[PDB]
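Everything on this sheet refers to the single structure shown next.
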Amino acid sequence: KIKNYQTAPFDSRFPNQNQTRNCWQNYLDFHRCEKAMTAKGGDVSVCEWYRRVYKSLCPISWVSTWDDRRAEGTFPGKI
Amino acid sequence: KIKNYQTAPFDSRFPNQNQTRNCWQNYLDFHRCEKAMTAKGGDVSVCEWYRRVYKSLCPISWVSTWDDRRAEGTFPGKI
Amino acid sequence: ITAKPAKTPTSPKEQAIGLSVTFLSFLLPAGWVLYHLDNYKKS
Amino acid sequence: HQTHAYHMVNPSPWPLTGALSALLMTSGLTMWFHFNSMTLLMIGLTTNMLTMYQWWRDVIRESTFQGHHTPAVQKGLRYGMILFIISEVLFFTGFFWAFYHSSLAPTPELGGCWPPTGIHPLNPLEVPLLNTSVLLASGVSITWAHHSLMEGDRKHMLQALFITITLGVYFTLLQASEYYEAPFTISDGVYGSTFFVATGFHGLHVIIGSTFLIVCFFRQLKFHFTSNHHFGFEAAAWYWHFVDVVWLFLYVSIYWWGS
Amino acid sequence: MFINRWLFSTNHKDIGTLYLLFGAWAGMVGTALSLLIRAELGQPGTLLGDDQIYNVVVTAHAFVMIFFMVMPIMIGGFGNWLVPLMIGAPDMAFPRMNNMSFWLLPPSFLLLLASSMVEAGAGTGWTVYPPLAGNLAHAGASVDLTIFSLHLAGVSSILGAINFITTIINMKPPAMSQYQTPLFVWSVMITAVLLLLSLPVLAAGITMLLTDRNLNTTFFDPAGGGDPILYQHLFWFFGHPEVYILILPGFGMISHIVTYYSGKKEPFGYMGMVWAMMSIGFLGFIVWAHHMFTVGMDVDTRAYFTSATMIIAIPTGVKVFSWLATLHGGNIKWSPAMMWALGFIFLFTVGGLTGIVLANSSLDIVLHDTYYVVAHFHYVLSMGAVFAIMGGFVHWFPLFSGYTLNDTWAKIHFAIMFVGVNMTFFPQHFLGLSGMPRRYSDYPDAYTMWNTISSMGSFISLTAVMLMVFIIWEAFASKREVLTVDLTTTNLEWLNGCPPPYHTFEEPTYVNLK
Amino acid sequence: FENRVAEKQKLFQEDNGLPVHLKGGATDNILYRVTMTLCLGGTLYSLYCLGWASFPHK
Amino acid sequence: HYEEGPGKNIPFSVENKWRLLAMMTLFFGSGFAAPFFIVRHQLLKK
Amino acid sequence: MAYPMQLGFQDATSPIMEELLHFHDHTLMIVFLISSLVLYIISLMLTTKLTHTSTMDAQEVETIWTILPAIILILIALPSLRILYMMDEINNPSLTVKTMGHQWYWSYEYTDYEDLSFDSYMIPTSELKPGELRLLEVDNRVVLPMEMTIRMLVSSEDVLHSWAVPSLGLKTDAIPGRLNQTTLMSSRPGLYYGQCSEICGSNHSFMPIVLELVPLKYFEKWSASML
Amino acid sequence: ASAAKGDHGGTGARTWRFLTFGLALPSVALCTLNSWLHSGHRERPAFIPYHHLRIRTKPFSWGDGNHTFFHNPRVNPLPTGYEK
Ligand SMILES: CCCCCCCCCCCCCCCCCC(=O)OCC(COC(=O)CCCCCCCCCCCCCCCCC)OC(=O)CCCCCCCCCCCCCCCCC
Ligand code: HEA
Ligand SMILES: CCCCC/C=C\C/C=C\C/C=C\C/C=C\CCCC(=O)O[C@H](COC(=O)CCCCCCCCCCCCCCCCC)COP(=O)(O)OCCN
Ligand SMILES: CCCCCC/C=C\CCCCCCCCCC(=O)O[C@H](COC(=O)CCCCCCCCCCCCCCC)COP(=O)(O)OC[C@@H](O)CO
Ligand SMILES: CCCCCC/C=C\CCCCCCCCCC(=O)O[C@H](COC(=O)CCCCCCCCCCCCCCC)COP(=O)(O)OC[C@@H](O)CO
Ligand SMILES: CCCCCCCCCCO[C@@H]1O[C@H](CO)[C@@H](O[C@H]2O[C@H](CO)[C@@H](O)[C@H](O)[C@H]2O)[C@H](O)[C@H]1O
Ligand SMILES: C[C@H](CCC(=O)O)[C@H]1CC[C@H]2[C@@H]3[C@H](O)C[C@@H]4C[C@H](O)CC[C@]4(C)[C@H]3C[C@H](O)[C@]12C
Ligand SMILES: C[C@H](CCC(=O)O)[C@H]1CC[C@H]2[C@@H]3[C@H](O)C[C@@H]4C[C@H](O)CC[C@]4(C)[C@H]3C[C@H](O)[C@]12C
Ligand code: CUA
Ligand SMILES: [Cu+2]
Ligand SMILES: [Mg+2]
Ligand code: NA
Ligand code: NA
């Protein structure tokens, strides 16, 4: 339960002004993880880091649109 | 989920005669999964599928060398 | 540069005419539109 | 009279009718896109074709029939055609830039990958490879035509040029068929956009180039070219090699690397 | 004969005259637009009561001044009149294609007028960035008419560039190398190479905008995987070369004017002046992203573009100091053209220096999209191009027309203009430093004083424009016919008299090689 | 086919004062008038369309 | 052939300076007036 | 905010803005010097009856007037780039706030912990309370903690906008489909104003930005008060 | 960088005709065979109404506004899917 989370830290994978891919990657990372953790022996609490980062970084409308498209079956990223 | 695992199924990511990267990727995946699970609230049994696949495909000496190098701190893949 | 004397010299009176006509041709139409701006904005 | 070798051109109406044709085509496109009507566009296309036909007819009259293309005049036309081709290269460069910009940094809407999710590219080893062999082969045949002309051989110039034109037509019909069979469309995001606008402008240049070669074919049938003076043929060959090189860049970039 | 001569022309001088007439008329349109801008801002609040209309006025002001006033006057008008005379050629290489470059411009201008009359106009900025310029935020025909206006102007200038390059390379006397041709002819050649290479990229970019608006492409639309910033790159890859295109023929005329009225046979440091123009033209293609320092680019890219941009000051400074070194030791003739050229040197220098301020991407964060940029380019471009154009017009009017101007009147006109443009644009530096955005129809109250002064300045320059029309009338009205001019041994364009015959150099000059 | 270029050279060099775009004979005039009529008429039509499109149409 | 010389190499006449003044006034005045009338047109449209 | 008859930059509110002020002072001194030297030399060339009209040799003098401008450009570029690389270096923020441009207002999202968001509109002139600023106030200000490193993420839900606050040295374009980052650090409490800085249509002039900087404990109370 | 061929001495029409018939047109013949073996229709894929595809921001200026210019009903679905 390692937290003390304030906001998303600097990520050397995404060091420049354009942070779009950082939001996208953590959104994928969280949802890939949350799917994996529905296998036998899994709890979504392990996915929490990705969840906090994407929620911190991603515009609400991006999250909402992506969620809608995952439910429609039209999300274009691989989960 | 569908045990009676018999052997590693066909994987469209690796459809050709060279299966080196199939062994490598599942080895990475298993140990990445295992790292993730050992901390946060969860257990390695969700990693089991990757474990079965790499054990089926990877030569024993490769796994053994890679395991030694992880212990040594000289494993060149990212885990 | 050197030049022949004006074939059709333009006296100061003639200049004042041409200048006034020139200035009026710029100022009057624009003036009309700008004066009536409020007559336009209310339509 | 003059004692220089340059061409003082008779006053001509075709610049004005060309410029008006441009007004009619562009206002015609506007009316097509926004006011559901093709009328102006059809007039403009017609006057454009009329303008080109009469203007280049007059250039033939001035040169083959009146003798105004001295070597100095010809040299000027060589520079003019090279410069025109350079401007056309830069035009295509803008479309390649758009292609690499989109494909090297695929956005999340695409799936963050290239080709985008849902896009199933043509196999570059099928019709695209055939098209490549077609245009490469027509670069060989137009070079045979050029040497035959220089060597004074009318029959083989006409055969080689006929083969060149036939290959250009084959490319065009193959590309028309591929457009119809393509499972993706110009409205299929930036993949479809870059594919059809870039190959479409190229296809337009193939049709332009083929038409230019057909003009040369008929002028050759009418004995206009001498074994030494035949700049319309040289310009059409330069333009044809340009069309062939653009295709190679498209093939490697969009069809092959981008698949 | 009237239609044959003026609609079917194949004559470089007559086509040059058409361009000067067209450009002057466009200058009146663009001036009127600039006064509407300054009227809207001349006191706080709203004048037009319709900020979309304001934005349409700003957009049109820029397109008219750049594409219908400066480039037609400099390249079409002075270029066509002077280039063949300065190399002793009997016309341009493609005299008939030349006439089409001219006649494409009235339709281009008509398409711009149509843009502003239909729907609510194209209130986009002359940059026409999507998505503001796309089919949802600018639905309807206005932006498409603007795009087509630019296509026609682009074809005009690309073909004119082909003509000028071919003429200049191919139609000099056989003994004259490129290093014996006058600097104005160099300046046109280099301007033409910049047009040849840059305009097709603009054409590609606005064509992609056209298809995003009408054929459901998504080059610039993120929903299809496109990117608005790609449009900016394509636009500015053309647009930075464009600003050097707008000044380079001016640099060429300034060299000739400063040389002439310093009583010199030649400009100081000729090969340096050629080097500097070629260097500016080359560097002008590798700096465009300094128009994009706030879009989110990586720091190393911002560092490269800062550095590359500043390097252009080096060749530019060679030209400035060389003009000064041409004045040096002259028998100075204080003609009105000389006044324009001296005002050019100083005001162009001020504007270039605020360009160097802006090149520093760190400071440009705070200055981008503010009136500091507006002040920069109205010095270096607006005053730069206008003063070189006025200096060239006053200097060569007697050649083109056969008649002299009243020099006292011309000096008065210069004086009024110099006051007016400086009162208009100098306070805009303060507005920019203090944070007033550009492209605004109204401003926070703090900014009132300098906007008021700037708008008052714009009326002084209006008085100058009106006076210029009167002065041209007075010259044609009085008909003082030119006899002789000095320095014809180093100014070949004068040696066939004023105006030169319709056909000149039918017998070419004799130049031997030795 | 036979080489008739010399006969066209004689035609287009005839000293009749005609500009090259009319020197082929009466067909040139026809094609010119067609072209110019289409251009000037289309331009008039395009101005009509501007007028129509400049005002809201109910 | 065409007329040559001062006042003959232009598409407008300078034979009479007052007719000229009318022409130049219509010419430059029309271009200067046009933006004011287009603005009026847009403000009046609705 | 700007004040009447202002000639220069707004007073710096962040360290980076102070750096820019000093860098601008340095560069403007050079601009003044070169402009004034050119003007002087023009007058020097024009004020003597002495003449020299024969060909002049140019090589020697052109070394001077390429080398010296080159040196001056380097003396501008070195502090210019130093500040550029300072702005970029890792600042480890304690808070991320997003802003989304719209036609014609801004919205703000504070989604580190709670999912807070709200819209921020210009106060019309007719509704200004007495003493408030025409075209600059908003109904909902961007409350933020002072003396802390804040990550601002900027985008747009329609056309281009640009999020700017001159006294903090900030201007970041708001582009749909793109998430641009900038860092914000106020040395002082107070109210800091800015204006949309990429033309976005009809009301570009009328969608301002107002930051409200307060001590952390007050920021937390305000955050806390939103659930 | 000149292939494995090898025949100059004074280039000419005969050599370029030899290349045309001996290399270029045989290549076309072979690619034409290749192509007219791998011809025949593939399974069209399940329709998925992805929002980055089948873009419609303005109706097309022909037909019903919703068909692309070279629409092929067998392989081009509309925004709502394949046609009947
Ligand atoms: C022909 C006339 C037409 C009429 C219209 C105007 C024309 C322009 C002429 C005006 C004569 C200009 C003389 C220098 C102007 C600097 C004013 C200033 O105090 O600037 C201050 C700074 C920012 O400064 C600050 O942060 C603090 C401000 C307060 C300092 C503390 C004192 C408090 C009281 C200040 C009282 C005033 C101080 C002025 C002190 C005055 C010192 C000279 O603003 C700026 O950077 C603005 C600079 C824009 C960049 C262009 C620089 C190149 C111009 C050099 C030649 C002039 C060309 C003129 C253009 C051409 C002119 C011939
Ligand atoms: C005539 C047109 C013209 C010219 C020649 C220039 C010349 C320069 N311009 Fe400018 N510029 C414009 C027209 C022009 N510009 C326009 C229209 C825009 C805005 C477009 C828009 O957004 O609408 C603009 C915008 C613009 C920007 C973008 C600002 C922004 O939007 O945020 C920048 C940034 O670097 C810039 C820099 C320069 C520089 C460094 C030069 C240099 O080439 C200047 C070099 C000259 C000198 C330096 C003076 C003489 C030199 C000496 C006396 C030597 C000694 C000097 C030193 C050592 C410094 N310009
Ligand atoms: C057969 C080989 C290819 C030959 C060429 C085919 C036609 C192209 C004609 C001109 C091409 C130039 C413009 C390219 C514009 C887009 C056309 C792209 C090529 C094409 O034809 O694309 C087609 C779409 O055409 C469409 O939208 C409709 C296109 C018709 C309207 C075009 C209007 C735009 C014209 C703008 C011109 C600007 C020119 C500026 C020049 C300036 C120079 C400085 C693709 O069909 P699809 O059904 O979507 O997918 C196929 C699925 N089975
Ligand atoms: C289905 C129809 C589609 C229509 C769309 C456009 C259509 C077709 C255009 C095809 C181009 C045809 C050009 C024909 C030119 C014929 C005139 C010509 O070739 O003229 C030759 C001169 O060349 C010259 O001007 C050289 C002239 C250069 C012509 C260059 C043409 C390129 C045109 C591109 C236009 C579109 C641009 C792209 C759009 C994005 C004449 O000199 P010679 O040959 O030496 O003869 C003299 C000897 O006989 C003496 O012994
Ligand atoms: C959205 C829709 C937009 C539509 C815009 C439409 C615009 C224009 C309408 C165009 C109508 C063209 C009519 C035919 C023009 C033929 C010009 C030509 O062929 O010009 C030749 C010179 O250019 C040369 O060679 C080399 C150059 C040949 C140029 C051929 C024409 C190209 C026109 C389009 C160019 C676009 C630029 C493409 C790159 C982006 C000959 O020059 P002349 O002075 O005539 O004669 C000289 C005599 O000595 C000949 O005996
Ligand atoms: C940006 C460039 C603009 C520069 C400013 C122009 C300077 C002024 C020029 C004069 O314009 C005239 O002004 C009159 C007012 O003095 C107007 O008459 C109007 O007002 C009169 C008095 O109230 C009535 O008699 C008239 O009928 C009524 O049309 C008239 O229409 C207008 O032509
Ligand atoms: C009629 C003409 C004879 C040459 C001449 O007139 O002297 C001959 C020579 C070459 C012939 C052409 C070339 O052999 C190429 C083509 C051959 C095709 O099989 C028929 C058309 C084709 C285009 C031929 C038509 C015609 O028979 C041509 C043009
Ligand atoms: C070598 C060339 C032409 C000389 C000639 O043939 O007349 C001259 C013309 C302008 C010269 C350049 C300019 O004078 C500007 C620079 C001046 C420096 O003193 C040397 C490098 C410098 C970059 C010069 C190098 C070289 O001497 C150039 C390029
Ligand atoms: Cu939002 Cu400008
Ligand atoms: Cu630039
Ligand atoms: Mg901006
Ligand atoms: Na040849
Ligand atoms: Na206002």
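Both counts, for ligands and for their atoms, begin at 1 and track the order of listing. Each chain gets a letter, A, B and so on, in the order the sequences are listed, and its residues count up from 1.
- At least one heavy atom of D:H205 sits closer than 4.0 Å to an atom of ligand 4.
- Within a 4.0 Å radius of atom 9 (C) of ligand 3, the protein has no heavy atom.
- The side chain of D:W32, and not its backbone, has at least one atom closer than 4.0 Å to an atom of ligand 3 (non-hydrogen atoms only; side chain from C-beta on).
- If you look at D:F184 next to ligand 3, the close heavy atoms, those under 4.0 Å, all belong to the backbone.
- Of all the heavy atoms of E:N214, none lies under 4.0 Å from any atom of ligand 3, so neither backbone nor side chain is involved.
- Judged purely by distance below 3.5 Å, without hydrogens or angles, the side chains of E:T218 and I:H52 never pair a donor atom with an acceptor atom.
- Residue contacts with ligand 3, taken as heavy atom pairs separated by less than 4.0 Å, do not involve E:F148 at all.
- Residue contacts with ligand 4, taken as heavy atom pairs separated by less than 4.0 Å, involve D:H69 solely via side-chain atoms from C-beta onward.
- Protein heavy atom closest to atom 45 (O) of ligand 4, with residue, atom name and distance, is D:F231 N, 2.8 Å.
- At a heavy-atom cutoff of 4.0 Å, ligand 3 is contacted by the backbone of I:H71 but not by its side chain.
- Using a cut-off of 3.0 Å, one finds that E:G45 contributes an N/O/S atom close to the Na ion (ligand 13).
- When only non-hydrogen protein atoms are considered, atom 33 (C) of ligand 4 lies nearest to D:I208 CG2, 4.0 Å.
- Not one N/O/S atom of E:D442, from backbone or side chain, sits under 3.0 Å from the Na ion (ligand 13).
- Residue D:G232 has at least one nitrogen or oxygen atom sitting less than 3.5 Å from a nitrogen or oxygen atom of ligand 4, judged on distance alone.
- For residue E:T46, no N/O/S atom approaches the Na ion (ligand 13) to within less than 3.0 Å.
- Using a 4.0 Å cut-off between charged nitrogen and carboxylate oxygen, D:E62 and E:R96 count as a salt-bridge pair.
- Heavy-atom separations between D:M49 and ligand 4 include at least one value shorter than 4.0 Å.
- Checked against the 6.0 Å centroid criterion, the rings of D:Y255 and D:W247 qualify as a close aromatic pair.
- Residue D:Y239 has no nitrogen or oxygen atom sitting less than 3.5 Å from a nitrogen or oxygen atom of ligand 4, judged on distance alone.
- If you look at D:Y180 next to ligand 3, the close heavy atoms, those under 4.0 Å, all belong to the backbone.
- Note: an N/O pair closer than 3.5 Å links D:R219 and ligand 4 by distance alone.
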